[PDB]
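Colleague: First portion of the complex, with coordinates as positioned in the assembly:
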Amino acid sequence: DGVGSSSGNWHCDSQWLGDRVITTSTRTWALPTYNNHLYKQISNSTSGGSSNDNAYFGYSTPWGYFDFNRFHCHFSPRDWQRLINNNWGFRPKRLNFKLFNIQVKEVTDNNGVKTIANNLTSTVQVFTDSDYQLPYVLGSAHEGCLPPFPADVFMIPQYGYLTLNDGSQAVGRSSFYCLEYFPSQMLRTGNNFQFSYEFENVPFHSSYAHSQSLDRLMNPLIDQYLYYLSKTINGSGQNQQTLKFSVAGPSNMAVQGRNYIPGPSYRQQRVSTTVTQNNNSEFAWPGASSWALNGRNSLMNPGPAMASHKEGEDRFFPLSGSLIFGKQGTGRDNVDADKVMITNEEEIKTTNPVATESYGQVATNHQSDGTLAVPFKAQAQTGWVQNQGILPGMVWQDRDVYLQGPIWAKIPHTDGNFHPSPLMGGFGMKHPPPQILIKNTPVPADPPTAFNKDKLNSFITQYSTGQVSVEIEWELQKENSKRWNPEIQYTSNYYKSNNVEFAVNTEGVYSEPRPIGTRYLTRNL
């Protein structure tokens, strides 16, 4: 311990074991003081924005939190390639978290001059919400994480939460949390923080595409011993109704009897990246699939995992069915299509319905010739099935994970859930990795010599710095294919370019070229 000794070392390697890859990553963080050490209440009226769908009520906190809920926080692009190129699945096993080499620095403003001196006696407060009794804000895909490049220094995002709102107003059930009501650990520059977590049993993420389609699952050489109705009439005429049956075989695979059906659907609007093919109207919000809760509408975004487009239609994407990432230096609002990268889910078109199609059709009447009830002869009529819930015999794949994307989500604590895999992709857990909340301990400037009962709003301006390390052990599923054919692999290209992909440029800014998914290997259905 002490000022002159370091409380930890830098460790950002990857170690590949038999069936385990252990990722470690160290980053340098900076923590400012948030809210001037206050617990301000926030609303949509607080920021002035007015829309019932956007109305909120909640609390801003003086605490920051650590987010490492993205894959690029733990995998280099090369490590990601090494994982996705020969592994059918992976899952997290255990997590280790370290916080070391903390330094609190006091900034002083004399006549508009910033002088930074370090404050050896000030502390920083840290705790992990291990009993899950705080609102959980990891798992909402927030831009505050550990940076992908190990040489970057990041600001810690401010922690805050929303509670129940009646528009801009709170209600009786609205809960307020003082984070200072939890027991924290106090650290002053000689101290470090260690946290260990075991992931609950999650299924392996399917790191493969299917080399076989759900409708092409039979032997193409042999008939089926089942019959289907093939003819209902005997050609043109009146009163010529028959009932002919024929064997389902390889010549007519569409009518073949099947044991399993494609997974559920919730249709989305189709938007093409060739804008001339799009309608000359504003339909981004009006014309977007949504769900309603307590009288307000949320974009589906991204909804059930569906195939982004049909074979031969890569220009089309669902309106809110895909994850869209910014490239690098992309601005917050109204950026051009080329400024963002749209991911697709085309590998799951073998089992999942296409996001912008309508999942087949159902009968919507009784076809008839004529009865006693009516003399109206009705021909068979079909309706389109735009949204289909789960049926028995239904199989599907989940959404892919990306290097840029999230790793885990917290399953909401409810009486019932179905297949609680997060819709944005990743591992859904009842008890995810706990939030780590961190705060500079307020240091009052100087009290008045006579007593005053007010709560001392004058403080010394200071921020903390440190190193954070995250260690995750991942269990791997080794690909064991008997396929003779060479497989599709993620690769870099051997063509001369200005910069190397997944490197820094002449400026020194690191950028990621495209969103890399985990489905390159193949399996039979």
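Modeller: Yep, that arrived. Numbers count the residues shown, from 1 in each chain, chains lettered A, B, ... in the order given.

Colleague: Nearest the geometric middle of chain A, what residue?
Modeller: residue A:424 (3.5 Å; C-alpha atoms, centre = their mean).

Colleague: Run through the residues that contact that residue.
Modeller: The contact partners of residue A:424, by C-beta atoms under 8 Å, 6 or more residues apart in numbering, come to A:141, A:302, A:323, A:399, A:405, A:406, A:409. (Each C-beta comes from the backbone N, C-alpha and C, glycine too.)

Colleague: which among those gets closest to residue A:128?
Modeller: residue A:409 (18.0 Å; C-beta to C-beta).

Colleague: Is the closest one in contact with residue A:431, as I believe?
Modeller: No: using C-beta atoms under 8 Å, residue A:409 is not in contact with residue A:431, being 11.9 Å away.

Colleague: So those two - more neighbours on which side?
Modeller: Neighbour totals were compared for residue A:409 and residue A:431, and residue A:409 leads with 23 against 14 (other C-beta atoms under 10 Å).

Colleague: hang on, that one in a strand?
Modeller: Yes: read with DSSP: H, G, I helix; E, B strand; the rest coil, residue A:409 is one of the residues of a strand.

Colleague: what's the closest non-adjacent residue to residue A:446?
Modeller: residue A:458 (7.3 Å; C-beta to C-beta, 6 or more residues apart in numbering).

Colleague: Could you report the distance from that neighbour to residue A:93?
Modeller: Distance of residue A:458 to residue A:93, given as C-beta to C-beta, to the nearest Å: 48 Å.

Colleague: still on that earlier bit, was I right to think the residue nearest to residue A:446 contacts residue A:443?
Modeller: No: using C-beta under 8 Å, residue A:458 is not in contact with residue A:443, being 10.2 Å away.

Colleague: what about those two, which has more around it?
Modeller: The neighbour count for residue A:458 versus residue A:443, taken as other C-beta under 10 Å, is higher for residue A:443 (17 against 9).

Colleague: which residues does the residue lying closest to that one once chain neighbours are set aside contact?
Modeller: Sequence neighbours aside, residue A:460 is the residue nearest to residue A:443 in space, at 4.5 Å (criterion: C-beta to C-beta, 6+ apart). For residue A:460, the contact set (C-beta under 8 Å, 6+ apart) comprises A:106, A:119, A:443, A:444, A:445.

Colleague: Can you say which of the residues you listed are buried?
Modeller: A:106, A:119, A:443 (16 or more other C-beta atoms under 10 Å).

Colleague: I'd like these as CSV, with secondary structure appended.
Modeller: As requested, the buried ones among the contacts of residue A:460 are exported to CSV (three-state DSSP):
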residue, secondary structure
A:106, strand
A:119, coil
A:443, coil
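
Colleague: If we only consider those, which is nearest to residue A:339?
Modeller: residue A:106 (40.3 Å).

Colleague: beta partners of that closest one?
Modeller: residue A:117, residue A:462 (DSSP bridges).

Colleague: Tell me how far it lies from residue A:414.
Modeller: From residue A:106 to residue A:414 the distance is 47 Å (C-beta to C-beta).

Colleague: Residue A:511: how many residues sit nearby?
Modeller: 16.

Colleague: do the one 3 residues further on as well
Modeller: Applying the criterion other C-beta under 10 Å, we find 14 residues in the vicinity of residue A:514.

Colleague: mind checking how far it is from residue A:155?
Modeller: 27 Å.

Colleague: again with residue A:171
Modeller: 34 Å.

Colleague: So residue A:180: helix, strand or coil?
Modeller: Using three-state DSSP, the structure places residue A:180 in helix.

Colleague: That one and residue A:189: what is the separation?
Modeller: 21 Å.

Colleague: Same question for residue A:95.
Modeller: 25 Å.

Colleague: you'd agree residue A:78 is in a strand?
Modeller: No: going by three-state DSSP, the assignment for residue A:78 is helix, not a strand.

Colleague: build in chain B:
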Amino acid sequence: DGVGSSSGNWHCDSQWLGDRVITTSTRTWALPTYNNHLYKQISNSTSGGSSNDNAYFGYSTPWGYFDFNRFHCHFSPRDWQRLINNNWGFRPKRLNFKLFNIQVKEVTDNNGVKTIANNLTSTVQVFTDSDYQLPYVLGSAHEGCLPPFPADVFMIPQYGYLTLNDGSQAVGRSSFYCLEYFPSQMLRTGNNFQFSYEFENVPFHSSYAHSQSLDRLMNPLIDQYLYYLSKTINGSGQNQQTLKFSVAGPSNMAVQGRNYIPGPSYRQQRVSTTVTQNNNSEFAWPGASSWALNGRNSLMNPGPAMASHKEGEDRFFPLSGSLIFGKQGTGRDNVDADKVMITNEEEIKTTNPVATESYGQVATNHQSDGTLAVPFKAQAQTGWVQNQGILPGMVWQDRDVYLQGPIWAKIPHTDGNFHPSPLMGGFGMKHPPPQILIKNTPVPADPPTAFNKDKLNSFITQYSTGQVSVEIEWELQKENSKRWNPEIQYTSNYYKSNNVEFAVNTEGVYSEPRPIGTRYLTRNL
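Modeller: With chain B now in place:
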């Protein structure tokens, strides 16, 4: 130990055991230097105020003290609800006190510019007056306590005391205390302070109302086998005097013989919150119940625990019979009624007399027809009993405690006391939790190079900061009612509002909505 290691952690939780709830609370304090390290003598002439009732003599001290003698220092509103909603009583058991992460900071003034540097070698002095040989100033309901909201930073109040005064002058018995005459502990930023205290045996506070009245304590179906005088005459006329008796029964409950009587009374003036019903005169001081001591008058305030008002009269309050709290941001003087909240004691109207009524009537003469002594026939005359001391057979309840209110008082060391429960509510103890006195150690600026025998009035300006934690174990009395009816419970309301009650607003200031008492459950008498 050392500058770079913290000497304690943040711990402000609550743990509910079987019959024990352990409250811990950590706060950040700031301690200025008081009096320029001096022991000034103070009087009413020192501040100039002239009134014999307000005349005082005493001493101002350079020390601060820690006060956590309020319930909101230890209970969140939710914890308070969890306590009052299912518990018939509670009492403190043991106390733990910690003082850690002390930092002394030197403030310098160069050309009107404040620069705060920390002074690693300066100390802070702490001691607990464990032998109770200092004047005890906790237990006077002073605005200096640990703040209710854990995220607030508070100034430590200056310690001072009063001794015997002859107006503005002292007398021979007047005692002066040098606080530096006690052994203190000295702390410089690596050191911490720990203090443990066991509460003496106090009774459980009655955390219930009575579901039965003292005058309604019989069986309403059966007579009483006791008789009362019912008729003294036989109707209109002269010389028609009789003595008729009848059984006391359910039809006449007022004359029924009883074993126990309501507790003592000291009548107070009735003031209504509808000001039009109040008299158009100034009567706040003239017209206030008071007691005199050595020729000067003190407001009763709040006096014996009495029911604040009769059933159906909530607009009325006793002039000084209730605790009145300020709401939030309420000013020191002449604030409007809506700026303060008046507590009531209506739950104890089942055993205690109403504060603004007169406790029944007594006979004040001998009724007679005529004797040898006089020919004057006197009819029965009654006087009103405005104040009643304790009688045998008398039962009463004490004043309620509030979340905003005090916890304990020191019983004055006297030959005799009766029922030494504090009049403002709480637990009266001969040996309450000891005062914790704290002071920055004076650091002289720089002495002159030639010797001078004067006492070095030049000092370095500095203040201390730190964390304080208080841990109290409370013994609980679990409610064990056989009542079929659902009970009254403290609850929040489910109606849309701008802010959540007992939270912070958009500004970030925490406020408490109303004064919550502890009497919601019921018991039989």
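
Colleague: Chain B added, so what about the contacts of residue A:460 now?
Modeller: Taking C-beta atoms under 8 Å, 6 or more residues apart in numbering or on different chains, we find residue A:460 in contact with A:106, A:119, A:443, A:444, A:445, B:105, B:116.

Colleague: near chain B, which residues of the stretch 101-250 of chain A show up?
Modeller: Applying C-beta under 8 Å from any C-beta of the partner chain, we find that the stretch 101-250 of chain A lies next to chain B at A:106, A:108, A:110-111, A:117, A:119-123, A:125, A:127, A:163, A:166-176, A:178-191.

Colleague: check which helix or strand covers residue A:94.
Modeller: Assignment of secondary structure by DSSP states H and E places residue A:94 within strand A:89-110.

Colleague: Extract the CA atoms of that strand and return them as PDB.
Modeller: Only the C-alpha atoms of strand A:89-110 are listed here, as PDB (Å, rounded to 0.1, in the frame of the first residue of the first chain):
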ATOM      1  CA  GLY A  89     -20.800 -21.900 -29.900                       C
ATOM      2  CA  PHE A  90     -19.500 -20.100 -26.900                       C
ATOM      3  CA  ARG A  91     -20.800 -18.800 -23.600                       C
ATOM      4  CA  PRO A  92     -19.400 -16.800 -20.600                       C
ATOM      5  CA  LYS A  93     -18.300 -18.800 -17.600                       C
ATOM      6  CA  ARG A  94     -16.900 -16.500 -14.900                       C
ATOM      7  CA  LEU A  95     -16.000 -12.800 -14.600                       C
ATOM      8  CA  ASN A  96     -13.300 -11.000 -12.700                       C
ATOM      9  CA  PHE A  97     -13.200  -7.300 -12.200                       C
ATOM     10  CA  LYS A  98     -10.400  -5.200 -10.800                       C
ATOM     11  CA  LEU A  99     -10.000  -1.500 -10.100                       C
ATOM     12  CA  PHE A 100      -6.500  -0.200  -9.300                       C
ATOM     13  CA  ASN A 101      -4.100   2.700  -9.400                       C
ATOM     14  CA  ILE A 102      -6.800   5.200  -8.500                       C
ATOM     15  CA  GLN A 103      -5.700   8.900  -8.400                       C
ATOM     16  CA  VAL A 104      -7.900  11.700  -7.300                       C
ATOM     17  CA  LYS A 105      -6.900  15.100  -8.900                       C
ATOM     18  CA  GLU A 106      -8.100  18.500  -7.700                       C
ATOM     19  CA  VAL A 107      -8.600  21.100 -10.400                       C
ATOM     20  CA  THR A 108      -8.400  24.800  -9.500                       C
ATOM     21  CA  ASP A 109      -9.500  27.800 -11.400                       C
ATOM     22  CA  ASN A 110      -7.400  30.900 -10.700                       C
END
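
Colleague: Buried residues, it. List them.
Modeller: A:89-90, A:92, A:95, A:97-104, A:106, A:108 (16 or more other C-beta atoms under 10 Å in any protein chain shown).

Colleague: Now do the closest residue to chain B within the stretch 251-400 of chain A: how many residues are near it, please.
Modeller: Residue of the stretch 251-400 of chain A nearest chain B, by C-beta to the nearest C-beta: residue A:294 (12.5 Å). Per other C-beta atoms under 10 Å in any protein chain shown, the neighbour tally for residue A:294 reads 8.

Colleague: Which of the residues of the stretch 101-250 of chain A next to chain B fall in strands?
Modeller: Counting by DSSP state E, those place A:106, A:108, A:110, A:117, A:125, A:127, A:163, A:166, A:169-170, A:185-187 in strands.

Colleague: Including distance to residue B:332, could these go into JSON lines?
Modeller: JSON lines is the format used below for those (distance: C-beta to C-beta, whole Å):
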{"residue": "A:106", "distance to residue B:332": "35"}
{"residue": "A:108", "distance to residue B:332": "35"}
{"residue": "A:110", "distance to residue B:332": "36"}
{"residue": "A:117", "distance to residue B:332": "39"}
{"residue": "A:125", "distance to residue B:332": "34"}
{"residue": "A:127", "distance to residue B:332": "38"}
{"residue": "A:163", "distance to residue B:332": "35"}
{"residue": "A:166", "distance to residue B:332": "36"}
{"residue": "A:169", "distance to residue B:332": "32"}
{"residue": "A:170", "distance to residue B:332": "31"}
{"residue": "A:185", "distance to residue B:332": "40"}
{"residue": "A:186", "distance to residue B:332": "36"}
{"residue": "A:187", "distance to residue B:332": "40"}
